[PDB]
Amino acid sequence: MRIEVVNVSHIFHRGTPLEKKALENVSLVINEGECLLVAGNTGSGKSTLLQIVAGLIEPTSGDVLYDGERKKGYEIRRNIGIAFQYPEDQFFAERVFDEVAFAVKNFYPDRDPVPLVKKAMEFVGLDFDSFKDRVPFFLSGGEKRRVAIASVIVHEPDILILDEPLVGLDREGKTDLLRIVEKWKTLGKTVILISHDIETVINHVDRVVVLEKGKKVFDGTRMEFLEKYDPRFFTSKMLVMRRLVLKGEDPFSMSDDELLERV
Amino acid sequence: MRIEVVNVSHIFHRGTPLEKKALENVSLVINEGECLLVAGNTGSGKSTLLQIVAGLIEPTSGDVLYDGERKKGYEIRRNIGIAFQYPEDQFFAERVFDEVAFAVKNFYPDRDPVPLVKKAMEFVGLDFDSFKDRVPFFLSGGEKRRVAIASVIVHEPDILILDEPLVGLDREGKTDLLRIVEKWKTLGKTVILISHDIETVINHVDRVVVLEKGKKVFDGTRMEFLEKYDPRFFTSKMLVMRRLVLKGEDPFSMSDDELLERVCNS
Amino acid sequence: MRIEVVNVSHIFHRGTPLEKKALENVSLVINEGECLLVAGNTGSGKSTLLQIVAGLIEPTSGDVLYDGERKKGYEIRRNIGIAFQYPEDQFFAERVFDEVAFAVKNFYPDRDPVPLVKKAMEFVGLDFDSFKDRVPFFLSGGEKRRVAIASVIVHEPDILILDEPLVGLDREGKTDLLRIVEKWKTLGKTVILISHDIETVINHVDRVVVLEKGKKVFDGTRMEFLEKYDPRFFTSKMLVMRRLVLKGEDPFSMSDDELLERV
Amino acid sequence: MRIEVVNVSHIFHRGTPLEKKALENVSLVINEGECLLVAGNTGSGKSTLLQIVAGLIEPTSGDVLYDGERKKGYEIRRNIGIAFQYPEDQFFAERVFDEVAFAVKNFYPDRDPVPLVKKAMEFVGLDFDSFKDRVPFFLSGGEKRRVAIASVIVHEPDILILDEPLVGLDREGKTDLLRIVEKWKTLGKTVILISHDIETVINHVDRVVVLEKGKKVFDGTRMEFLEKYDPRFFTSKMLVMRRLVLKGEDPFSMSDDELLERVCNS
Amino acid sequence: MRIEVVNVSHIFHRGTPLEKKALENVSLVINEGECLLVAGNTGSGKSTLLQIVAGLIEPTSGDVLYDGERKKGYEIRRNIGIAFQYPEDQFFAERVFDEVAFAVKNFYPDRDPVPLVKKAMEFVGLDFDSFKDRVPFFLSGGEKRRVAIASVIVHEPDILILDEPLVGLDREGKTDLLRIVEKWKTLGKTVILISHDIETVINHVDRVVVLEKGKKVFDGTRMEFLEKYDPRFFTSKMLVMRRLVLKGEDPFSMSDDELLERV
Amino acid sequence: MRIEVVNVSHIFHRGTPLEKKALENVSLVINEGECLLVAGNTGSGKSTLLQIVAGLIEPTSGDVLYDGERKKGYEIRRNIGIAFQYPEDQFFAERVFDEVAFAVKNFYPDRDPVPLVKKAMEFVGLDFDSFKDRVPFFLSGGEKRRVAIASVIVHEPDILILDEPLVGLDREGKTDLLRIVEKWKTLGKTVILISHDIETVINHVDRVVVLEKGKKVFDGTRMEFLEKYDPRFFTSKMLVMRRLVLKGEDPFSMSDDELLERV
Amino acid sequence: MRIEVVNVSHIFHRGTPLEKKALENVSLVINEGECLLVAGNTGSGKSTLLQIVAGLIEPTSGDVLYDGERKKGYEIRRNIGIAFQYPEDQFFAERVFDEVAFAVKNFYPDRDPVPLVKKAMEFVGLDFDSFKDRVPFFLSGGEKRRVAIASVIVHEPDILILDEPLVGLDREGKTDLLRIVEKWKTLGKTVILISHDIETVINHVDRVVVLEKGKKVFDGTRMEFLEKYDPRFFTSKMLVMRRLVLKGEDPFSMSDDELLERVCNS
């Protein structure tokens with residue numbers, strides 16, 4: 001599903017004394033099968049933006065086009081998978097099977113859940129018979145995170161939207177979660193993420209958009225990002241990737257031999 | 001629309017102890033497309049003059065000709081969009097669209113106001129979709145001023161009059177205001193600005209008229225103004241610009257430092 | 001202009017924590033040339049209602065039809081004359097002429113104001129040459145009130161809307177103001193009023209609508225009103241008019257011989 | 001404090017075309033403790049009279065004696081608490097305590113205002129703890145009026161003057177207002193009410209003075225008033241009360257139906 | 001009266017969803033008889049600050065000390081004269097005398113107003129008998145402005161506080177108004193002002209405080225101000241005064257011979 | 001602990017546009033060891049009231065006295081046990097022991113939890129070794145409810161406050177929960193409850209207070225309540241208990257022989 | 001307070017299919033004043049270990065000695081302030097003062113909590129007067145975290161344990177958090193940090209302990225850690241720091257570029 005944000009503004013509680021501006025005149029396109037990072041500081045409004053693309057928020061101004069068509073939230077919702085941070089903390093079910101199955105039973109009650117579940121559990125690396133009857137709460141932290149992700153791809157959305165999927169995760173969790181994201185991209189599906197951890201995620205993304213106080217201030221590929229975006233708050237290794245990039249090579253292929261201070 | 005003011009005088013509250021002669025024998029020509037600044041002290045008659053030109057006040061004596069013809073005010077109101085000071089104080093509407101759209105409905109009672117509304121908003125630098133459902137009360141100072149201008153020009157009068165358009169606005173407000181003035185001019189239409197303070201609008205006009213106690217004391221170009229008008233109340237920057245309008249050198253735009261370096265290398 | 005309110009609700013600041021309900025499911029019709037009193041206690045929402053009919057407020061739900069057509073505020077505004085209490089306190093002008101002329105110069109800049117002004121001043125009982133150059137502020141209280149009214153009928157609306165025109169007025173003021181209202185009705189134009197002083201105004205009205213906590217609870221003629229509405233807060237003479245009415249006579253014709261305790 | 005008004009006249013804007021004689025040769029006595037209603041049309045001079053009595057306006061001619069003595073206004077201001085119409089429109093404070101407390105600090109600059117503030121609030125029926133940190137802007141119409149009264153009487157003047165105290169208030173507002181008047185009277189202190197409409201305050205006063213175009217035309221008791229004053233503008237209820245003040249029968253309180261049954265069983 | 005602001009913060013509507021931060025940890029002292037300019041952009045909070053010193057706003061945190069004592073608003077109010085912009089637009093009275101007299105009659109009903117009025121009118125340059133009976137509204141713009149100022153010094157506050165006294169004024173008005181301010185300072189009384197027109201007013205001030213998003217970012221003399229403060233938004237002549245100052249001379253004494261590009 | 005509410009008012013968001021009145025001038029006393037029902041309709045403010053007594057809300061006006069002393073929330077909090085409806089839905093722990101122990105470990109970290117836990121579990125009818133290691137989530141509905149109650153009496157408050165403890169409970173749950181309340185009263189401790197189910201709970205209470213739009217409108221014993229309070233919304237059997245009471249007998253002792261229509 | 005952990009093992013949910021051995025035979029010494037980072041994967045047992053040390057969990061086997069003595073948890077709770085992850089989620093109060101003050105009242109039931117509250121607020125960098133009447137719900141993420149810390153240390157325990165103190169915070173939040181850690185250390189008191197990610201806290205500690213699946217696999221200094229611990233999961237920056245901890249050169253502070261230039265000029 002092609003996504004296009006066209007001149008979107010958002011103001012919470014528009015026309016009241018508690019009116020708060022979140023986004024201003026934001027436009028951008030996400031081609032089917034792109035992985036996009038949306039970044040920015042404190043109150044950039046990026047989370048509002050993801051929620052607007054997800055159809056959870058009707059923006060005060062502008063539109064999101066879906067395959068070149070305008071669409072209400074309720075209309076495209078079945079096509080979106082969205083998770084927030086610590087999604088395990090929203091587990092409702094006593095068996096893994098029901099936790100995974102919830103979205104298809106809710107979104108497509110007239111499709112057989114069993115095969116959609118099997119397939120989501122397998123894609124995420126959870127053996128169907130070995131997990132389907134377990135209590136989600138007593139899964140290991142890794143297994144839980146896999147269940148959470150299975151439960152937002154089970155209905156086969158065109159778009160996977162992850163708001164801070166990495167917060168609270170150790171290096172092993174991150175690697176596995178970002179592995180599942182690679183397989184999603186391999187299917188030709190779209191993924192959109194916010195993550196404070198720009199350094200970990202840039203290796204898995206095609207484009208970066210940066211918001212700043214509700215405004216789009218950068219929109220380009222990951223190459224253009226480290227080459228051109230303000231490097232003020234770049235980590236050590238991002239800054240090494242930058243020099244490298246700053247006319248030269250593609251540091252994203254490289255593996256920690258990366259030290260090309262070889263001048 | 002050519003405007004010519006012919007021997008206009010005006011008096012308020014005649015015969016009473018409140019009597020004030022606002023204007024005395026003022027004559028003035030304004031040609032299609034001119035950028036004119038009208039200046040002088042508070043109470044020099046400057047606003048009252050443009051209220052008359054606009055057709056809001058019928059003058060005590062003398063006449064305004066419009067394309068050479070005598071007209072009662074209401075006959076030419078349509079040709080002239082006039083914004084008073086703080087024109088935003090006149091809002092009635094709960095959204096930007098309705099306020100601007102209001103100004104369409106008399107002249108075009110059967111026409112769908114959207115296209116005109118959208119050109120007026122866009123003219124004053126207010127993205128249509130972004131502002132059309134904004135509640136005017138909740139806008140910034142500069143955006144309010146612009147919505148008020150939009151509703152003055154929505155029907156596309158030939159002439160725009162702004163009474164002290166810069167007042168109360170911050171830095172970006174002003175730049176946005178002056179951007180409206182530059183556009184109107186680019187279109188070849190007449191714009192008149194009324195301001196006591198010349199320094200911050202002289203760079204955006206072609207000529208300057210000055211009123212003192214109801215009388216015209218200067219009427220010339222901005223170059224003529226800096227050369228010949230009583231310099232006694234010129235700001236410091238005005239005195240530099242003038243210092244170097246003597247014997248030649250056009251001070252306008254140039255640049256600010258490019259101004260000073262060039263003065264007493266005289 | 002026929003006015004019809006169809007299932008109107010209004011909630012201020014809808015969808016925020018400071019959302020306040022003003023009207024609920026209010027419907028009513030005002031035929032051209034009717035004088036209508038809208039009554040009710042503290043927070044009935046009647047003032048919201050008048051403002052909704054005047055097009056000053058877009059109601060959250062339902063519609064007002066104008067000659068059987070739906071109309072935005074901006075569209076019918078030139079057709080409405082509305083004043084609030086102490087309208088003299090909003091005089092802006094130095095001469096009566098400009099105070100009266102303001103609405104036509106604003107609403108119909110391409111119509112000659114002079115004759116519209118003459119005619120509004122005469123209708124209200126203000127000699128054109130004797131008042132047109134006076135300072136509105138130093139008019140007598142009576143003359144001021146006449147100027148105020150001239151300034152909301154000058155553009156010849158179909159609808160005159162008076163929110164509490166009587167507050168702050170002495171008996172002489174009331175009589176004169178209600179005199180002007182009689183002449184307005186005589187033209188076949190519509191008038192809508194709220195006034196705490198139900199007893200004074202009922203003599204000048206055709207119908208009464210009562211709101212109560214945002215709801216329409218009465219809608220009928222002035223005869224039906226004293227006959228059928230809750231008489232709890234009826235003044236002495238209203239209550240005498242009621243008995244009289246309570247199968248019997250029309251006490252509105254009568255003049256203080258009215259004491260038909262003649263049993 | 002005994003008040004006696006002696007041959008007072010007053011003119012605004014003399015010599016000008018705005019000239020208005022507000023008062024003409026008015027004489028009036030007000031004894032300690034009296035409940036007085038001053039009535040007449042808007043522009044009869046009624047407010048201007050009590051502004052003079054209060055010491056706010058120095059009159060054109062004649063004098064007000066206070067306990068028999070001549071005093072300049074500022075010499076007796078302290079003795080007289082006067083509330084203008086909508087006295088709540090004068091609030092400056094962000095809480096009920098501070099507004100009322102303000103009125104203590106001049107007269108008692110070194111005294112802790114709490115006790116007086118608390119008596120004034122309590123006097124006007126505003127539980128102290130309940131209202132002291134209330135933001136006056138957010139109060140009801142009747143409660144605002146009462147906070148404004150509280151700040152007028154906080155220092156305990158001998159005389160209270162209320163200009164049209166009932167205006168704009170609902171049913172319970174009025175009852176609360178009139179409760180203040182009854183208390184002040186129970187204390188034996190002078191209260192004067194200024195109102196064009198007699199019917200809704202006559203039951204709460206002892207006497208009625210009427211002004212017409214700056215002149216006193218009636219000065220008597222409420223019983224005398226219903227009997228002898230020009231009846232032409234009496235409300236219907238006033239006409240019943242009067243009908244039965246003829247040949248005897250005191251109409252006051254009585255009861256409302258207990259009024260009618262008793263009229264033409266005459 | 002010594003004024004000291006000690007660690008003042010202000011948050012409007014503290015502890016609600018419409019809580020808005022105005023000031024943070026602002027401290028400063030104003031010695032008796034100083035003229036102080038408070039400057040800053042859009043939403044610096046300077047107007048909140050003046051209102052806090054005036055006792056009109058109880059700040060959420062910190063205190064203002066008056067002669068080294070903490071004081072509620074109601075306690076120091078008689079000692080403050082404060083005007084806002086276009087103060088003539090708040091004239092209530094029919095004669096100049098009553099307009100001027102209002103504050104003393106309100107603040108000190110037991111002091112004779114007549115001499116306090118005479119003296120305020122004379123200080124401002126308004127002949128007592130020539131103006132006391134005039135209608136304030138029909139005074140000339142200059143005379144009006146003089147009346148306004150007379151009406152906030154009549155009660156003889158220790159502190160004069162002017163919020164944007166210069167907006168809407170022509171050069172002649174400015175000069176006269178700033179003349180009255182010189183005479184106030186000459187009495188040894190304190191004046192505090194905000195004015196967008198830093199260039200006009202700096203010639204009349206001793207110190208400048210700059211706020212920026214609720215924070216004090218500059219506090220010093222007028223000399224230190226042009227020498228040290230960010231000159232980004234300095235006018236032409238301020239910038240000339242700066243160079244001059246930037247180790248060198250006192251450009252505030254000088255009169256437009258000032259062009260010491262004499263190198 | 002004697003509890004006294006003295007002239008309490010509460011207004012949420014006092015002094016802002018979203019200010020909402022909850023309570024007005026409410027006074028009442030609860031003697032140590034009383035069981036009190038607080039009743040009232042929709043927006044009576046009773047839940048605000050309980051929260052005020054619990055010290056969770058500082059009331060805008062008035063005070064709550066604790067043993068005749070005024071006390072901040074933080075000061076009396078260790079002395080209060082409060083639960084809301086469906087308290088099991090707030091279980092955080094993996095073992096019953098930790099769920100029960102939480103309040104004492106938080107409130108009195110320097111007292112041995114083990115015996116306080118044993119004792120709370122036994123009082124509620126939960127065998128220590130048979131439940132202490134179970135997973136609270138897989139307890140039966142009855143057992144869960146017992147755990148919840150154990151966890152708010154473990155620290156031995158003087159005051160037990162139950163906001164709607166009965167919602168969602170079947171007859172068996174109700175009887176058991178109200179059994180535990182009887183044992184609490186038997187200790188001489190205070191209990192305060194709100195419960196829509198006035199008919200079930202009246203049998204277990206000493207006094208009833210009724211709020212109505214923020215005002216106290218009834219305050220008396222359970223006998224006085226059915227005898228004197230508005231019986232409009234009394235259930236069938238309450239209304240039978242009333243007649244009975246209406247000079248006569250004590251229907252609370254009786255057991256469904258209660259049908260004394262025996263005339 | 002010296003802490004020594006002796007052969008501690010711990011098991012949850014024994015005998016059940018939910019059984020998990022959290023800890024296996026862990027021994028550890030922590031001396032007065034040490035800055036210790038405890039690391040390892042989620043589920044390595046790191047939090048459960050410090051919950052035991054803190055006295056919240058009685059361990060399955062082995063013992064913690066406190067100054068050499070056996071103590072039940074509740075006997076030493078007072079000595080150890082432990083903040084769990086997102087300790088702000090535990091707020092009950094409507095203002096910052098009450099929340100922090102709550103933590104005073106058990107230990108000092110008769111003492112006025114102000115002085116302690118004020119030191120705790122000030123310790124965590126929250127100006128007392130500025131925050132004491134702040135409604136905790138409305139604070140920023142970093143300020144909330146700090147109020148929660150303040151209420152953990154208000155009674156001044158000898159030992160502070162922070163479970164993942166940096167989580168969810170922005171850039172300035174982190175700097176403010178780490179400033180608390182540096183202060184506690186300057187005072188000579190023991191601080192232990194529990195974090196899976198070493199890179200962003202290693203510069204603020206003296207030693208590192210690593211747990212894997214309930215077992216201690218490393219216990220040494222930060223210098224020893226970079227040298228000797230399994231390097232396979234070291235971030236790039238950690239690999240540089242380590243590259244140059246080989247044969248000498250202390251990588252800590254130094255500076256970030258001052259790091260790289262110095263690596264393969266090896």
Side-chain angles (χ1 to χ4, degrees), chain D residues 81 83 87-88 90-108 110-157 160 162 165 169 172-173 175-184 186-187 189, chain E residues 58 71-75 77, chain F residues 4-15 19 21-29 45 48-49 52 57-65 68-72 214-216:
Chain D
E88 64 279 17
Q90 309 296 111
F91 292 159
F92 75 88
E94 317 175 291
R95 46 171 113 218
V96 180
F97 188 90
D98 298 5
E99 180 71 40
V100 191
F102 182 69
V104 172
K105 294 309 291 175
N106 158 63
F107 300 138
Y108 311 87
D110 295 312
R111 202 183 291 188
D112 148 40
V114 163
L116 278 172
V117 165
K118 171 162 149 65
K119 299 192 160 66
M121 293 180 62
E122 303 270 358
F123 201 95
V124 308
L126 288 170
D127 181 71
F128 178 70
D129 278 326
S130 296
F131 290 85
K132 72 200 186 207
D133 303 318
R134 295 301 291 279
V135 178
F137 180 102
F138 287 105
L139 294 168
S140 82
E143 296 156 348
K144 294 190 293 221
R145 191 85 104 225
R146 292 178 295 122
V147 168
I149 303 304
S151 69
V152 166
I153 61 180
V154 63
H155 64 109
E156 304 180 298
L160 173 62
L162 301 168
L169 303 189
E172 96 183 289
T175 98
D176 287 13
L177 243 294
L178 295 165
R179 169 78 187 171
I180 297 150
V181 170
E182 284 318 317
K183 292 177 66 162
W184 192 265
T186 290
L187 288 177
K189 285 162 134 186
Chain E
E58 198 201 33
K71 289 295 170 195
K72 295 284 186 142
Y74 56 92
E75 298 176 284
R77 174 163 167 86
Chain F
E4 192 172 346
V5 181
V6 186
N7 188 30
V8 156
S9 293
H10 200 60
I11 297 136
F12 290 106
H13 308 299
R14 208 222 344 237
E19 101 158 26
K21 303 225 272 214
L23 303 162
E24 240 159 5
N25 304 297
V26 168
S27 288
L28 64 94
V29 15
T48 311
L49 175 69
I52 285 169
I57 291 183
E58 198 201 33
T60 46
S61 291
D63 307 72
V64 188
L65 279 28
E69 271 174 76
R70 53 185 56 180
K71 289 295 170 195
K72 295 284 186 142
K215 300 162 89 168
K216 181 178 94 182

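Computation of the quantities below employed the complete heavy-atom set of this structure, encompassing side-chain atoms and omitting hydrogens, waters and symmetry-equivalent molecules. Reminder, nothing fancy here: chain letters follow the sequence lines and each chain counts from 1.
Checked by atom type and distance alone, the side chain of D:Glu143 pairs as donor or acceptor with a backbone atom of D:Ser140 at under 3.5 Å. Distance alone, capped at 3.5 Å, places no donor-acceptor pair between the F:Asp63 side chain and the F:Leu65 backbone. Without hydrogens or angle criteria, F:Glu19 side chain to F:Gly15 main chain gives a donor-acceptor distance under 3.5 Å. No donor-acceptor pair closer than 3.5 Å links the side chain of D:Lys144 to the backbone N or O of D:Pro136. Checked by atom type and distance alone, the side chain of D:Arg146 pairs as donor or acceptor with a backbone atom of D:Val124 at under 3.5 Å. Side-chain atoms of F:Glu24 do not come within 3.5 Å of backbone N or O of F:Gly214 as any donor-acceptor pair. Using modelled atom types, one side-chain atom of F:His10 and one backbone atom of F:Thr60 make a donor-acceptor pair closer than 3.5 Å.
The distance from atom CD of D:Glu99 to atom CD of D:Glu94, rounded to the nearest 0.5 Å, is 11.5 Å. For the atom pair CD1 of D:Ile180 and CG of D:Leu126, the computed distance is 7.5 Å after rounding to the nearest 0.5 Å. Rounding to the nearest 0.5 angstrom, the gap separating the CG atom in D:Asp129 from the CZ atom in D:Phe131 is 11.5 Å. We find the CG-CD1 distance between D:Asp176 and D:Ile149 to be 11.5 Å, quoted to the nearest 0.5 Å. Of the inter-residue distances, the one linking F:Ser61 atom OG with D:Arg134 atom CZ reads 7.5 Å to the nearest 0.5 angstrom. The distance from atom CG of D:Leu116 to atom CZ of D:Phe123, rounded to the nearest 0.5 Å, is 13.0 Å.
Here the closest non-hydrogen pair linking D:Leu169 and D:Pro165 is CD1-O, 3.6 Å. A pairwise comparison of heavy atoms in F:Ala22 and F:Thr48 identifies CB-OG1, 3.9 Å as the closest pair. The shortest heavy-atom contact between F:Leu23 and F:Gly45 is CD2-O, 3.7 Å. In this structure, F:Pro59 and F:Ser9 approach most closely via the heavy-atom pair CB-O, 3.7 Å. When all heavy atoms are compared, the tightest approach of D:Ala150 to D:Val100 is O-CG1, 3.7 Å. Smallest separation of non-hydrogen atoms from D:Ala148 and D:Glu88: CB-N, 3.5 Å.
For the side-chain hydrogen bond (donor to acceptor under 3.5 Å, both in side chains) test, no residue two or more places apart in sequence or in another chain qualifies with D:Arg111.
Around atom NZ of D:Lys119, no more than 12 heavy atoms belonging to other residues, nucleotides or ligands sit under 6.0 Å away. Around atom CD of D:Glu182, more than 12 heavy atoms belonging to other residues, nucleotides or ligands sit under 6.0 Å away. Around atom CZ of D:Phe137, no more than 12 heavy atoms belonging to other residues, nucleotides or ligands sit under 6.0 Å away. The number of heavy-atom neighbours closer than 6.0 Å to NZ of D:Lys183, taken from other residues, nucleotides and ligands shown, is above 12.
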Q) Which is it for D:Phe128 and D:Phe97 under the side-chain contact (heavy atoms from CB on, under 4.5 Å) test, yes or no, and what are the steps along the way? A) CA-CA 9 Å; D:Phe128 178 70; D:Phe97 188 90; 3.8 Å; yes
Q: Could you give me the CA-CA distance, side-chain angles and deciding distance for F:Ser27 and F:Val5, then say whether side-chain contact (heavy atoms from CB on, under 4.5 Å) is met?
A: CA-CA 5 Å; F:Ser27 288; F:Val5 181; 5.7 Å; no
Q) Where do F:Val6 and F:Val64 land on the side-chain contact (heavy atoms from CB on, under 4.5 Å) test, with the steps shown first? A) CA-CA 6 Å; F:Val6 186; F:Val64 188; over 6 Å; no
Q | Trace of the side-chain contact (heavy atoms from CB on, under 4.5 Å) decision for D:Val135 with D:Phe91 | A | CA-CA 10 Å; D:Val135 178; D:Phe91 292 159; over 6 Å; no
Q | Residue pair E:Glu58, D:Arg95: steps toward the salt bridge (charged side-chain N to carboxylate O under 4.0 Å, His left out) verdict | A | CA-CA 10 Å; E:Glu58 198 201 33; D:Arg95 46 171 113 218; 2.3 Å; yes
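Relative to the ring axis of D:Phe92, E:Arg77 places its NZ or CZ within 45° and under 6.0 Å from the centre.
No salt bridge links D:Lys189 with D:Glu156; every basic N to acidic carboxylate O contact stays at or beyond 4.0 Å. Checked for salt-bridge contact, E:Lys72 and D:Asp98 miss the test: no charged N lies under 4.0 Å from a carboxylate O.
Looking only at side-chain heavy atoms (C-beta outward), D:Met121 and D:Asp127 stay at 4.5 Å or farther from each other. Proximity of D:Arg145 to D:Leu177: side-chain heavy atoms (C-beta onward) are separated by under 4.5 Å at one or more points. With a 4.5 Å cut-off on side-chain heavy atoms, D:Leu139 and D:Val147 count as touching. In this structure, the side chains of F:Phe12 and F:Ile57 come closer than 4.5 Å at one or more pairs of heavy atoms.
Side-chain atoms of F:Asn25 and D:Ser130 form a donor-acceptor pair, as typed in the model, at a separation below 3.5 Å.
Classification of the D:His155-D:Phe107 ring pair by plane angle, with boundaries at 30° and 60°, yields tilted.
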